[PDB]
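Chains as they are written, first to last, in the authors' numbering: chain A, 20 to 241; chain C, 29 to 757, 780 to 802.
In what follows, a structure is listed as structure tokens, so that the remarks can point back to it.
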Ligand SMILES: *[C@@H]1O[C@H](CO)[C@@H](O[C@@H]2O[C@H](CO)[C@@H](O[C@@H]3O[C@H](CO[C@H]4O[C@H](CO[C@H]5O[C@H](CO)[C@@H](O)[C@H](O)[C@@H]5O[C@H]5O[C@H](CO)[C@@H](O)[C@H](O)[C@@H]5O)[C@@H](O)[C@H](O[C@H]5O[C@H](CO)[C@@H](O)[C@H](O)[C@@H]5O[C@H]5O[C@H](CO)[C@@H](O)[C@H](O)[C@@H]5O)[C@@H]4O)[C@@H](O)[C@H](O[C@H]4O[C@H](CO)[C@@H](O)[C@H](O)[C@@H]4O[C@H]4O[C@H](CO)[C@@H](O)[C@H](O)[C@@H]4O)[C@@H]3O)[C@H](O)[C@H]2NC(C)=O)[C@H](O)[C@H]1NC(C)=O
Ligand SMILES: *[C@@H]1O[C@H](CO)[C@@H](O[C@@H]2O[C@H](CO)[C@@H](O[C@@H]3O[C@H](CO[C@H]4O[C@H](CO[C@H]5O[C@H](CO)[C@@H](O)[C@H](O)[C@@H]5O)[C@@H](O)[C@H](O)[C@@H]4O)[C@@H](O)[C@H](O[C@H]4O[C@H](CO)[C@@H](O)[C@H](O)[C@@H]4O[C@H]4O[C@H](CO)[C@@H](O)[C@H](O)[C@@H]4O)[C@@H]3O)[C@H](O)[C@H]2NC(C)=O)[C@H](O)[C@H]1NC(C)=O
Ligand SMILES: *[C@@H]1O[C@H](CO)[C@@H](O[C@@H]2O[C@H](CO)[C@@H](O[C@@H]3O[C@H](CO)[C@@H](O)[C@H](O)[C@@H]3O)[C@H](O)[C@H]2NC(C)=O)[C@H](O)[C@H]1NC(C)=O
Ligand SMILES: *[C@@H]1O[C@H](CO)[C@@H](O[C@@H]2O[C@H](CO)[C@@H](O)[C@H](O)[C@H]2NC(C)=O)[C@H](O)[C@H]1NC(C)=O
Ligand SMILES: *[C@@H]1O[C@H](CO)[C@@H](O[C@@H]2O[C@H](CO)[C@@H](O)[C@H](O)[C@H]2NC(C)=O)[C@H](O)[C@H]1NC(C)=O
Ligand SMILES: *[C@@H]1O[C@H](CO)[C@@H](O[C@@H]2O[C@H](CO)[C@@H](O)[C@H](O)[C@H]2NC(C)=O)[C@H](O)[C@H]1NC(C)=O
Ligand SMILES: *[C@@H]1O[C@H](CO)[C@@H](O[C@@H]2O[C@H](CO)[C@@H](O)[C@H](O)[C@H]2NC(C)=O)[C@H](O)[C@H]1NC(C)=O
Ligand SMILES: *[C@@H]1O[C@H](CO)[C@@H](O)[C@H](O)[C@H]1NC(C)=O
Ligand SMILES: *[C@@H]1O[C@H](CO)[C@@H](O)[C@H](O)[C@H]1NC(C)=O
Ligand SMILES: *[C@@H]1O[C@H](CO)[C@@H](O)[C@H](O)[C@H]1NC(C)=O
């Protein structure tokens with residue numbers, strides 16, 4: 020059942036689907052109401068729907084997320100972070116700005132303040148793009164038949180690495196350990212960082228009568 | 029001055045594009061819009077009316093983890109050929125149809141500035157670009173285009189700037205084809221896969237030896253001096269070199285120091301610039317900007333300053349942050365034009381001394397997350413500071429009485445140091461927006477003069493210090509502060525009077541202050557959007573039933589460890605942790621969950637509460653820490669507790685609970701369950717061993733449990749504590787919006 024509370028959640032076995040309107044009061048005069056549809060072992064299914072218009076349209080408004088709870092394990096000692104995702108997205112009229120992204124974080128300690136953030140954007144609409152200190156990609160990488168452009172920039176203390184798919188992906192699947200290890204070898208993330216949170220959702224900036232449907236979101240840390 | 033065909037053309041061009049956010053709203057065929065040259069983005073020649081400038085370039089604003097751009101998402105219309113004489117076309121940071129660069133652009137023959145950068149222009153350059161012979165400056169950077177033949181370039185002899193960054197660059201011999209341009213002052217090849225394409229010594233011999241001045245080569249996978257050595261063939265006449273983000277594993281080539289005019293060098297975000305700058309850097313003379321951030325250069329700091337002494341007088345910005353640089357910081361004033369110095373997150377273990385007898389012009393200084401010691405220097409020598417970052421070190425002494433001379437100072441961070449006191453003279457700063465001197469060893473009383481004359485203050489943070497803050501009784505502060513963290517500071521025996529005057533704050537932490545009167549009547553009109561109120565650990569009194577306001581979208585209410593009284597204040601609607609323990613409340617808690625609440629942790633323990641627990645816990649499903657212990661409670665455990673899908677700790681010790689224990693099957697996840705001294709009866713049920721697999725502490729002491737023990741309780745195997753006497757038979783929770791996007795994790799397991 021769909022539920023509209025600001026910080027409401029729904030623990031679901033392996034995955035927790037938080038709805039955060041962590042930025043509702045952006046003068047965006049609107050409402051968002053999320054909700055889980057199906058459960059099927061490793062694969063979950065969910066949706067949201069929203070209408071954020073006006074106020075501050077430079078900003079994100081919410082990150083409904085599908086999250087994993089897992090044995091927090093060091094980046095060195097992950098063999099595989101397999102995942103897949105299938106969705107389709109529906110909107111109306113004009114000024115539709117938003118993205119669809121994974122969000123991973125890392126800290127020194129299993130329970131520490133987020134120090135690194137890894138976003139992997141499957142879709143960018145309307146002019147929505149990742150925090151970049153330059154405006155321009157540090158590098159372009161190809162992983163498992165997907166081509167990604169990497170941006171890096173600062174969210175206060177967190178260093179946010181963001182991969183952007185050149186092909187706006189409606190059917191993603193990959194090993195996020197390849198992404199994590201690419202960063203460790205090449206950009207400079209320490210392998211000693213502990214992987215803390217895995218999230219996958221959408222960040223809306225503006226939109227009207229929107230609705231995301233997730234056919235599946237399998238994900239793991241092995 | 030405006031020419032008719034041009035408006036007509038410009039209007040048909042607009043008819044194709046979809047501005048959506050404006051920008052093109054000032055364009056129209058209307059009488060009121062009748063001069064096209066006073067429109068946004070057009071400039072016309074003063075005598076001939078023909079348009080010369082068109083730029084629909086758009087920048088983008090970044091908030092939080094995301095940055096946004098109003099891209100034009102239109103079709104780029106060839107009616108623009110009619111403009112005839114434009115020396116300036118800029119369509120940067122706009123998305124059109126993400127398509128070929130239209131060939132009609134090359135049919136201009138009077139362009140000098142074409143910038144199509146950071147759009148989505150794809151495919152490959154039309155060869156027709158060779159017709160554009162008139163082009164002084166071309167930017168085509170950061171699009172999705174592939175570049176395999178560079179033949180046209182030869183024809184644009186007029187060029188003085190070419191960016192081809194961010195290309196599928198696959199050209200074996202650019203060196204030849206780029207030295208063909210007589211006046212190319214600046215070249216950008218960033219993210220062009222330059223490393224795979226390396227100029228031969230031979231191709232460098234058959235070349236034109238252009239006088240090149242500015243080079244950008246960032247994002248090319250070089251990793252050694254080899255694949256970028258071709259650079260030093262312009263040793264004669266270079267000024268900027270951008271070799272940032274190159275996986276550079278090696279010591280920097282001493283050649284750079286030799287270059288006579290280098291004035292800007294970014295080698296930031298490398299793999300290992302072992303050591304650092306060599307001695308040839310003593311020969312650099314003029315220099316302005318150096319950036320070795322995130323390179324792991326392990327170098328003695330004052331030898332770096334020796335090796336930059338070639339430029340005491342020219343160097344403006346020095347960025348050596350997030351490196352393993354050791355040493356001490358001595359005589360940075362010697363660098364007379366240094367304005368920004370970024371040394372945070374290094375391994376520096378020395379003193380911030382400055383004894384040159386000169387004055388510095390540093391506006392921004394960051395020495396945070398080091399190991400530094402010794403007292404601060406007289407900051408009167410650093411008057412131009414706008415922000416002074418010094419946290420996470422080991423500094424000592426008082427803050428110097430000369431800090432009062434920092435007028436342009438806005439931000440001061442001296443957190444986590446061992447400093448010992450504040451001068452009155454910082455009641456003179458008046459531009460200090462955020463002042464954080466938390467976790468130090470400051471001692472003494474802060475008078476209103478300490479904070480006199482500081483109108484622009486919005487953040488004050490003096491946490492966990494041995495400090496005192498008493499103003500005069502009739503003092504009116506010149507500041508309204510959104511953030512007020514004054515824990516472990518005695519603010520007055522009386523509730524601080526100055527807070528009657530502050531109405532803009534949204535986080536109030538007055539805890540462990542020594543306070544003892546009753547809650548003042550004025551404090552009820554507390555600002556309507558407070559998210560964190562921590563009044564705990566005092567001797568505050570009053571019945572907060574009617575002294576707090578409700579549903580103000582709280583996030584953290586902690587009113588514990590006081591002499592408050594009355595019945596429970598009705599819980600606000602959006603609060604997440606609501607702590608009322610260690611007080612003198614009493615009465616029902618029949619009001620807790622009549623209204624829906626998403627509190628994740630409430631603590632009602634150590635009160636004089638009473639009654640039968642209401643059966644409404646499905647109106648608060650989100651609880652994970654329930655703490656009703658140490659209260660006088662009589663009644664059956666409400667079957668509603670079965671409604672806690674997530675509950676991590678259930679504290680029910682030392683009540684008068686009677687009856688059987690209710691179905692807790694659906695609360696499969698829990699780690700702590702104690703019901704000590706609860707006078708509860710019934711057999712120990714199966715579901716403790718059956719559905720409640722998760723469990724670490726189980727205490728059912730001094731109750732009345734009849735019946736035998738199920739042996740199935742041996743199947744938990746993570747249970748650490750078991751206590752079932754006298755019957756006759780690494781944990782935490784989260785607060786979501788705490789740091790904006792990022793949640794906060796709070797620990798609650800304690801004495802084991
Ligand atoms: C074809 O079209 C293309 C598409 O547009 C054209 O491309 C554009 O070219 C423009 C130039 O023509 C570029 O504009 C210039 O940008 C630079 C960028 O560097 C600064 O900003 C970066 C991001 O921070 C800012 O951005 C956002 C958005 O505004 C804000 O949210 C931020 O708050 C921040 O704004 C700050 O800056 C202002 C400026 O004063 C402050 O007053 C504010 O209060 C804000 O604080 C960032 O990369 C830079 O920061 C570095 O250092 C920081 C701390 O110093 C650190 O936090 C960063 O992470 C980064 O750190 C790195 O380096 C440090 C060492 O410094 C290391 O320690 C660290 O490890 C890292 O390695 C920097 O903040 C900007 O400097 C320019 O500003 C000057 O010029 C414009 C006008 O053009 C003015 O508006 C400015 O105020 C300023 O003007 C005067 O003032 C200067 C001194 O203050 C003086 O020196 C100037 O010369 C001048 O007199 C421009 O803003 C544009 O970026 C670029 N865009 C793209 C997409 O490519 C292309 O040119 C065209 N082709 C052509 C023309 O041929
Ligand atoms: C409403 O307000 C009240 C009161 O403000 C809040 O209740 C308080 O909350 C505080 C924050 O949690 C808490 O302070 C923390 O206590 C932790 C446990 O303390 C242990 O270690 C101390 C050592 O202190 C000794 O040395 C210092 C320094 O000289 C002296 O000042 C002390 O007097 C002692 O001599 C022991 O004394 C205790 O017995 C415990 O063993 C601390 O761990 C924690 O410190 C950590 O954070 C500090 C931040 O600056 C940091 O300096 C310090 O080094 C610690 O670092 C932590 O984080 C790093 C990084 O992960 C980690 O590696 C470390 O291991 C550590 O985890 C704080 O000192 C108060 O004790 C507490 N008071 C009460 C009554 O509960 C209340 O929470 C608040 N309301 C809400 C809702 O939050
Ligand atoms: C810093 O700059 C100085 C001066 O340019 C460098 O020292 C000088 O290096 C040049 C090299 O071309 C020497 O000039 C020539 O040397 C040859 C012998 O190698 C000689 O036969 C020529 O007649 C000519 O003099 C020069 O002697 C030398 N020393 C000076 C000028 O005092 C120095 O190498 C640079 N520093 C670093 C660390 O590289
Ligand atoms: C604006 O237009 C005038 C003429 O329409 C230009 O003036 C010419 O400038 C060149 C070089 O300065 C001279 O050799 C010509 O003799 C000038 N002609 C006339 C009729 O004055 C002027 O350069 C144009 N400027 C811009 C920026 O377009
Ligand atoms: C690029 O420049 C050349 C040189 O002017 C153009 O070639 C001319 O094309 C016209 C078209 O009929 C002929 O009448 C001329 O005789 C040609 N001249 C030469 C020297 O070949 C060419 O058309 C230009 N390209 C574009 C797109 O304008
Ligand atoms: C009261 O506090 C609010 C914020 O909680 C201030 O509002 C913002 O202040 C910043 C400061 O530079 C501005 O950039 C924003 O434009 C302000 N936004 C809004 C919506 O007001 C506010 O100015 C404060 N008021 C006073 C008088 O101190
Ligand atoms: C759970 O909360 C709801 C509100 O969401 C309570 O419903 C209200 O009850 C009062 C009287 O008790 C009615 O006058 C209102 O009209 C009701 N409002 C709504 C929105 O339904 C409900 O009583 C609570 N449940 C328990 C068991 O206390
Ligand atoms: C080019 O550089 C190399 C090494 O830096 C040098 O030996 C060669 O003579 C240079 N040629 C010119 C023309 O500068
Ligand atoms: C603040 O200090 C300045 C400098 O002495 C002075 O001009 C001004 O009058 C002072 N204001 C108050 C209220 O003391
Ligand atoms: C309060 O609790 C005590 C035992 O802890 C009990 O003796 C007393 O009767 C209780 N008060 C009542 C039932 O009013």
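Positions of the beta carbon are idealized from the N, C-alpha and C atoms, including for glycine.
Residues of chain C with a Cβ closer than 8 Å to the Cβ of residue 149 of chain A are, in chain order, 93, 94 and 95. Ranking C/496, C/380 and C/388 by CA distance to the CA of residue 367 of chain C puts C/388 first. At a cut-off of 8 Å between C-beta atoms, residue 63 of chain A does not count as an interface residue with respect to chain C. In the pairwise beta carbon analysis, the segment 199 to 216 of chain A is classified as not touching the segment 103 to 118 of chain A: fewer than three pairs are separated by under 8 Å. Contact check for residue 121 of chain C against residue 171 of chain C fails: the beta carbons are separated by 8 Å or more.
Put simply, the segment 171 to 186 of chain A does not touch the segment 57 to 76 of chain A. Fewer than three CB pairs are less than 8 Å apart. For residue 504 of chain C, the number of other beta carbons within 10 angstroms of its own is below 16, and it is reported as exposed. Think of a sphere of 7 Å around the beta carbon of residue 219 of chain C: the chain A residues whose beta carbon falls inside it are 156, 158 and 159, in chain order. Look at residue 459 of chain C: its beta carbon is at least 7 Å from all of the heavy atoms in ligand 9.
Against chain C, a Cβ distance below 7 Å from residue 25 of chain A picks out 602.
Residues of the segment 188 to 212 of chain A with a Cβ closer than 8 Å to any Cβ of chain C, in chain order: 205, 206 and 207. Here residue 101 of chain A is bridged, per DSSP, to A/194. Close partners of residue 322 of chain C in chain A (Cβ separation under 7 Å): 207. Beta bridge pairing from DSSP links residue 55 of chain A with A/65.
Residue 93 of chain C and residue 622 of chain C have their alpha carbons spaced roughly 38 Å apart. Apart from the 5 residues on each side of it in sequence, residue 20 of chain A sits with its Cβ closer than 7 Å to the Cβ of 54 in its chain, given in chain order.
Approximately 32 Å separates the beta-carbon atoms of residue 734 of chain C and residue 781 of chain C; this is outside 8 Å, ruling out the contact. Shown here for residue 344 of chain C: same chain residues with a beta carbon closer than 8 Å to its own, the five before and five after excluded, namely 316, 317, 365, 366, 367 and 368 in chain order. Residues of the segment 25 to 46 of chain A with a C-beta less than 8 Å from any C-beta of chain C: 25, 26, 27, 28, 30, 37, 39, 41 and 42, listed in chain order. For the pair residue 239 of chain C and residue 265 of chain C, the CB atoms are nearer than the 8 Å cut-off. Distance from residue 493 of chain C to residue 518 of chain C at the Cβ level is roughly 11 Å; contact not present, criterion being Cβ atoms closer than 8 Å. At least one heavy atom of ligand 3 sits closer than 7 Å to the Cβ of residue 285 of chain C. Counting along the chain, the unbroken alpha helix (DSSP H) around residue 38 of chain C starts and ends at 32 to 44. The straight-line gap separating the alpha-carbon atoms of residue 496 of chain C and residue 471 of chain C is approximately 8 Å. Looking at the DSSP output, residue 471 of chain C bridges to C/494. Ligand 3 has no heavy atom closer than 7 Å to the beta-carbon of residue 339 of chain C.
In the structure shown, residue 442 of chain C falls within a coil segment according to DSSP collapsed to helix, strand and coil. The C-beta distance from residue 36 of chain A to residue 71 of chain A rounds to 19 Å, too long to meet the 8 Å contact threshold. In this structure, DSSP gives residue 646 of chain C a helical state, which the three-state scheme calls helix.
Under DSSP, residue 82 of chain C shares a beta bridge with C/70 and C/117. For residue 49 of chain A, no Cβ of chain C is located within less than 8 Å of the residue's own Cβ. Interface flag for residue 292 of chain C against chain A is unset, since no Cβ pair is found closer than 8 Å. Chain order gives no chain C residues near residue 22 of chain A, where near means a beta carbon separation below 7 Å; the closest approach is about 10 Å.
Between the C-alpha atoms of residue 38 of chain C and residue 133 of chain A there is a straight-line separation of about 50 Å.
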